[PDB]
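Below: the structure, in structure tokens.
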Amino acid sequence: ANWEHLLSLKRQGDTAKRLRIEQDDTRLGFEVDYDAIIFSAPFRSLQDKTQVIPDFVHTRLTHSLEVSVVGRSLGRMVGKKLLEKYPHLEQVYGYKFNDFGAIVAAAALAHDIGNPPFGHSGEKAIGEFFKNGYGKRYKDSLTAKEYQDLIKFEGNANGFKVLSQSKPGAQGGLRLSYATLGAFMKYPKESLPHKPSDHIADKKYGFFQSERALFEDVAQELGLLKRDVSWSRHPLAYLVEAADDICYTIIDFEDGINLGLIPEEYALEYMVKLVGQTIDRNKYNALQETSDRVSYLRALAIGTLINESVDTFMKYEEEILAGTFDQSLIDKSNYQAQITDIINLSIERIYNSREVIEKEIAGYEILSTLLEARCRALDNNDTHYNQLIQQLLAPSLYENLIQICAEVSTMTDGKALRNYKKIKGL
Amino acid sequence: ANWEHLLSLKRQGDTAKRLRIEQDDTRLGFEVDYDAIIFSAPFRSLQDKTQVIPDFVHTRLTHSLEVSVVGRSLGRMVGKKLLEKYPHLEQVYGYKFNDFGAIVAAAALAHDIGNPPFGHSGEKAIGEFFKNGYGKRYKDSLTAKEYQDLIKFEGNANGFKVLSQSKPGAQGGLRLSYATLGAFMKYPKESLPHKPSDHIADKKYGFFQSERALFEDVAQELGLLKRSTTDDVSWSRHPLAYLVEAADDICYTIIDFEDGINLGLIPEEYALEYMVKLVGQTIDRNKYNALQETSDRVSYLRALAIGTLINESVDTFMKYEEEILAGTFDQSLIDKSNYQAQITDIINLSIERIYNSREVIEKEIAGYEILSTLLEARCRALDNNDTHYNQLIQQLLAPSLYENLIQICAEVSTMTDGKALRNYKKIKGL
Amino acid sequence: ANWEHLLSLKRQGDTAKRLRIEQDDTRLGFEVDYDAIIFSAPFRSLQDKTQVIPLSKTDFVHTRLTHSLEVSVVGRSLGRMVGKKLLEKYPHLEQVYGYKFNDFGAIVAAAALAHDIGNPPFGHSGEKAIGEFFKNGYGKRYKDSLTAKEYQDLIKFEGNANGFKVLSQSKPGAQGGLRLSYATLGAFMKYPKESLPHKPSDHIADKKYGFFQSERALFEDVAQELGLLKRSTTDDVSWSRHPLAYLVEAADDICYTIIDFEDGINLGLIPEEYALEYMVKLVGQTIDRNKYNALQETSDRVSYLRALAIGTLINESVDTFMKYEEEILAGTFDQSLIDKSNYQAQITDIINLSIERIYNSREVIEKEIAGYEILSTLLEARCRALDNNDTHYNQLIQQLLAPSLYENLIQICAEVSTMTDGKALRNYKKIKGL
Ligand SMILES: [Mn+2]
Ligand SMILES: [Mn+2]
Ligand SMILES: [Mn+2]
């Protein structure tokens, strides 16, 4: 793989090559990508979507904003070192270290843009609707991969659809740079085969059958290595994933302490190695509020993990470029012991808290209900009832079903509740 | 067809004839009909039933009072002209113009008394239960007409049931005068054949199979003309049913439009744009310009347009009187209006902005489930009356098969919108 | 049958006998039983469970806890008075073995306190919701993997039998549940039989059953220790009721008969105009009418009537017990103490009035209908999760509701049954999106 091709400024439908040395740096293609996401309706809808808990708790937007800030640091630092490793990238082709930060930042900002309401239970509720719910009727009218798209409905693949979806008057969706689309794709494979290896890149899939032709174009332009289609990941996708990993590990922990779900004493206990070399003890002892102490620990822990993740990337750079790196960056951390205890305590005290369990069980019913109304109106567009269902909710069979799943996933948590209540009369 | 017979004062079960000349005029049978409806439980129920929208919106009760006011005016005006044309009706039989107003007013007061909650979505929901719901099983156990009663459940035919339901100690329901029942019957036919013609009188049906013998008696007393050539029974409409229909048409056309404007669903500009031809000859323009509130300007336009359409409807009825009396009239009175293009524009704008507004759609979807659930609970208990849950269902909702099914539909339609929601909530445990 | 054995102090697991004469009277095993119930989690949950009328905040309604409190106070008084007369009739019981009259009050008080501890929420619709779920609902599936009695336990699920399970359930670190004295467990057991054969007679002791197949071995140990008389020689086991069970039952009969009426008047379900007409025979000789007429609140007039009638029925029930004591001791008494009452017709009139005005009120009907859906829903979600514990949704259902096949189904029923009215409705509401 060549870094010159991985940093493609191509946008969908382009008929001519876009050279980095010819860009107006006030309107750098990569930085425009960030701006286009910020102003888009799917990104705005993350305002009203839940990260884990439904006081102050992170939403998907605040989470995605934090991931994109950590991603920008990761990208800037790795970029600076990539340019010194391969000076021809700057001296011949005109790349600057802020381009790498721009690509990671925009990819990170978009990384959860396709996730449904109710988080990852929402994804499972949609897949369950097709595996065992009303949606099972379509199994024999779908290909294996079309049906696998639905029963393993994947927010990452839905995000790729959201970003690139064509409609009349808007070909190519947000028309992001191919480099940014590359850095977004952390599972560059279709739904089948299911987990062909133990690599994190094979854990899920990254695009629906409906988007396969589009990612084939992205991968061709980027020069991704071929690995049923799948490719070795764009190197920058490891930094997006690292940023995301860092944020939800540390920030969910912080949230759980401030919510009273995790006793505060665990904070220093699990984070002391992560902050020991950089913490100002006099500052820490002077801070009077739990929230101020835990936010200080979090800033230090995140900075420690950013630095290590940059070093892990550079150490394994050629292995990532050859598609032979077998782990995530955070899997290689020296703090893996502490990261594990943090995640396990978060799972115990937050993810399995009664209120989270209750919301996730309720979301199953809410999404199963909205999906069944949509599919029934699709099957019988004739009855009076199904004509009203269409005015209320939606004013090839595979393409109809994948669009039904996509539209349900654009719904905020609140809006999913209201439309569900009306269908049931509440 | 003879107006003497059409103005029958007979009540159900009467053994002897009631002469008009022998009525006490302080207690005229036709006027008693109006009073009996006002004090009846089914009429009071209309206070919490939706006309179009579930802020102030017309309820089924307020709509019905307005129809009966417009209808009394029509009947009074027509009655005066009928008595000049047929002076023997007053000189020999003792009828008077107010009698025609009272018949139309009472029938208009009750014209929507059998309509289920949630408007037309309501009826559509009841029909689908027996066409596309738990109710199909009963098909092989019912006659073709008995099943058509259910899959095309008609609020108009339920109204006839409500007005005449016999019960121990109360045979004949409200026991309304046969002339009033004749004026109530817009569709004097049974459920089959389905739409045998383009005439509005055959668009639906007017009585269930369980009330067929009663309307046979009414139609015989009234001397309504037979119209169906087949075994299926159909009769030509009582002339006064055209007036009840015109008062209904005038009110929901103009008044729904007014509601839509006052609610913000229809921009005020359309009020003058669509109604100028209807009011142009009678509007006091400086009075309109002096009115400050939108609501008062549009209530002024409504009053003028209703006055115009009332005078035109009387003229249409008198122009086609002999064709109506002969069963050959092919249309509604409003169908022959010079303002049919303005009426149609008002209706289509009302449909587009009111009936297809999100607020109304959401309510209709919600009504569909509510009714759907209640019918299923009642019917499951009918089939297995022995279990404990179904004994509870019986106690909560209702303390021959067709006779049972048409009664379940009638009891579902009786319920107010609130009563329907609450019963639904508890069946689902909320 | 012997009173010395019927008054057993044995607790489950005892390797050595407990002689009454060697008990510390400040730590009497029977009175420890009462205190163990007061502090138990199952008894605390009765605070949030309807007895008959759904709970409100606008008015006071009896919960299962307040009802059980009242039954144990009436039962203590029955046991005390019956105890003194029994000690006078069999004076060897006190002079040799050391029994005191307050022992009998303590046994009845504790069994009465616990008598409704296993009942499912929302009343007997709760029981029939559970039963029908396995008769014809999703639970039908398991019929063929279960014995006739294991299945009968489910399709005729009984709160009395679940109460016995609740009181003795063994869990890690807590073998034998509350470990109540066998005498208290005998006074608790008013239907000492398994689920089959079904109603083998018209005797009130055969109207239901008292223990599940999972508890059969324990009640066999209990009946042996107590020396209860056999009522079956087949492999379907059955025993004559512990005599003190007749006093628990009477205390219960007295309380729900008179106190449902009291609640119905205070809630306005029964017109106050009926209070004296239905109580006059029960209270006519002891009522102070001038005092009654001087009371200015309805709730005071009706509590005075209730206290007079309860006093009347306690005295009579003590006399009925002693007049039939040898028949009861021989297991040949065929009815309840209240069935023999001279006020039988008035009791029946009060009960029918309550059925008409309270049990058939709209609110009680609404609750039973709502209960059927709430419990059927919870049972369906528990049982589907049991059959496919691998799916993500079923792992959530397990975390929300419960963090051998018969042993699993009987445990699911017991766990659903011990849910309070509120927790059951909340869980129902979340499973259904609200
Ligand atoms: Mn994320
Ligand atoms: Mn109308
Ligand atoms: Mn009790």
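Protein sequence lines correspond, in order, to chains B, C and A. Residues 2 to 55, 60 to 232, 237 to 404, 411 to 441 in PDB author numbering are what the first sequence lists, from first letter to last. Residues 2 to 55, 60 to 404, 411 to 441 in PDB author numbering are what the second sequence lists, from first letter to last. Residues 2 to 404, 411 to 441 in PDB author numbering are what the third sequence lists, from first letter to last. For every residue, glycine included, the Cβ atom is placed at its ideal position computed from N, Cα and C.
Spatial distance of residue i from residue j (CA atoms)
| i | j | result |
| --- | --- | --- |
| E226 (chain B) | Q24 (chain B) | 18 Å |
| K437 (chain B) | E374 (chain B) | 14 Å |
| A149 (chain B) | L155 (chain B) | 10 Å |
| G138 (chain C) | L380 (chain C) | 10 Å |
| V53 (chain B) | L376 (chain B) | 17 Å |
| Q170 (chain A) | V74 (chain B) | 56 Å |
| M426 (chain A) | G372 (chain A) | 12 Å |
| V303 (chain B) | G285 (chain B) | 14 Å |
| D15 (chain C) | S241 (chain C) | 24 Å |
| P272 (chain B) | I266 (chain B) | 6 Å |
| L268 (chain B) | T185 (chain B) | 35 Å |
| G440 (chain A) | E71 (chain C) | 43 Å |
| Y91 (chain A) | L114 (chain A) | 27 Å |
| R383 (chain B) | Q399 (chain B) | 8 Å |
Endpoints, the alpha helix (DSSP H) within which residue i is located
| i | result |
| --- | --- |
| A382 (chain C) | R363 to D388 |
| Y98 (chain A) | Segment: none, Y98 (chain A) is in no alpha helix (DSSP H) and carries neither H nor E. |
| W4 (chain C) | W4 to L7 |
| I351 (chain B) | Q345 to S355 |
| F213 (chain B) | Taken as a continuous stretch (DSSP letters only), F213 (chain B) belongs to no alpha helix (DSSP H), as it is neither H nor E. |
| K144 (chain A) | Element bounds for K144 (chain A): n/a, residue is neither H nor E. |
| residue 406 (chain A) | Here chain A is numbered 404 followed immediately by 411, so the structure offers no position for residue 406 (chain A). |
| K430 (chain B) | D428 to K439 |
| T185 (chain A) | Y183 to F189 |
| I38 (chain C) | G30 to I39 |
| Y293 (chain C) | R290 to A295 |
| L10 (chain C) | Segment: none, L10 (chain C) is in no alpha helix (DSSP H) and carries neither H nor E. |
| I398 (chain B) | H393 to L402 |
| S424 (chain B) | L412 to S424 |
| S196 (chain B) | Careful: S196 (chain B) lies outside any alpha helix (DSSP H) and carries neither H nor E. |
| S46 (chain A) | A42 to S46 |
Contact test: residue i Cβ vs ligand 5 heavy atom, cutoff 8 Å
| i | result |
| --- | --- |
| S69 (chain B) | With respect to ligand 5, the structure shown offers nothing to examine, as its ligands consist of ligand 1, ligand 2 and ligand 3. |
Beta-carbon contacts of residue i that lie in its chain and below 6 Å, excluding the five residues immediately before and after
| i | result |
| --- | --- |
| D350 (chain C) | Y279 |
| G160 (chain B) | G119, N120 and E128 |
| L10 (chain B) | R19, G30 and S182 |
| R12 (chain B) | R180 |
| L245 (chain A) | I108, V109 and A188 |
| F220 (chain B) | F212 |
Sequence-distant residues of the same chain with beta carbon closer than 8 Å to residue i, five excluded per side
| i | result |
| --- | --- |
| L277 (chain C) | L306 |
| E328 (chain B) | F334 |
| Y344 (chain B) | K282, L283, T313, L314 and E317 |
Residues of its chain near residue i, where Cβ-Cβ distance is below 7 Å and the 5 sequence neighbours each way are ignored
| i | result |
| --- | --- |
| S78 (chain B) | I315 |
| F213 (chain A) | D154, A162, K166 and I417 |
| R81 (chain C) | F102, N103, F105 and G106 |
| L296 (chain A) | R302 and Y305 |
For ligand 3, residues whose Cβ lies under 5 Å from any non-hydrogen atom = A:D117 and A:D253
Quick one: complete alpha helix (DSSP H) runs, 4+ long, within the stretch 246-284 of chain A?
-> 246-267 and 276-284
4-residue-minimum alpha helix (DSSP H) runs that sit fully inside the stretch 146-181 of chain A, ordered along the chain | 149-156 and 160-169
Report the residue ranges of all alpha helix (DSSP H) runs contained in full by the stretch 108-141 of chain C; include only those spanning at least 4 residues, in chain order.
-> 124-137
Uninterrupted alpha helix (DSSP H) stretches inside the stretch 299-328 of chain B (no shorter than 4 residues) | 299-324
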